[PDB]
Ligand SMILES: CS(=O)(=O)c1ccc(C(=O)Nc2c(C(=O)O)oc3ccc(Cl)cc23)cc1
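One chain is shown next in C-alpha cells, namely the form deposited without this ligand.
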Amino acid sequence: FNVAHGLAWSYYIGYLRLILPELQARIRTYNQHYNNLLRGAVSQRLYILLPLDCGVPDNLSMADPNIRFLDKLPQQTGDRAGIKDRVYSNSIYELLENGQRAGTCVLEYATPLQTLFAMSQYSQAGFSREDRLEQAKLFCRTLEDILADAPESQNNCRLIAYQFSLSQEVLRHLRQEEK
C-alpha cells in the first residue's frame, strides 16, 4: 500500500502539479494554427490511461491501431533540482472509429504504473505478480482521492482506469465532456 501511495503522491507533486496549471494555454496555442472548420480541435484536458493489468507499451498504436500520434504540444521547460531547463513534453493523438477521426486529445499512460510492472524483473524489489496487481489499484484510488481534494488539477485531467478497444474506452470519456 505504501509503495503505491508514495508513487501516486510523487506523480501528483512532481508532475501533475507542474504541468496541469500550464496545460490549457499550451493546448490553446496548438489550436491556433491547427483548428479550423474542417477538423475537430484538440480537447482541453490530459487523458491519463491507468491500465490495471497491462505491459504498458511506449507506442499507443501498439495498444490499439485506432490510436495514432498526430503531433507534440509546444514544450514546457523549468529549472528543477539542479537540472536547468528540464523538459515536459506531451503528445496529441487521433482516435479513429470506422476509418475516420472521431477524437483528438493529449493522451499518455501514468508512467509510475509502467515502472511498477517492471519491478517484477528484480528479486530485490520484492512483491510477487499478485502484489503488483493490487498496487496498481491502490495507485489509482490514491490518485483519484488526491485529485478530488485538488479542484484545479481535477478539471485539467481525466483518469481512464480499465481492465478490448482502448480507442472506444478513451472515446467514451471524451464524449461525456462534450455532450
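We number the residues from 1 along the sequence you see.
Absent from the display: the form solved in complex with this ligand. The rest refers to it.
K.L.:
Could you superimpose the pocket C-alphas so that this ligand sits on this ligand-free chain as it does in the deposited bound form, and then tell me whether the site is open or blocked by the 2.4 Å backbone/C-beta test with a threshold of 3 atoms?
P.N.:
Check passed, pocket reads open.
K.L.:
So which of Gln44, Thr29, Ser61, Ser120 reaches within 4.5 angstroms of this ligand in the deposited bound form, heavy atom to heavy atom?
P.N.:
When this ligand is considered in the deposited bound form, the option within 4.5 Å is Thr29.
K.L.:
Would you check, heavy atoms only and a 4.5 Å threshold, whether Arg129 touches this ligand in the deposited bound form?
P.N.:
No, no contact at 4.5 Å.
K.L.:
Looking at this ligand in the deposited bound form, which residues in 33 to 48 have at least one heavy atom within 4.5 Å of it?
P.N.:
Residues within 4.5 Å: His33, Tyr34, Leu37.
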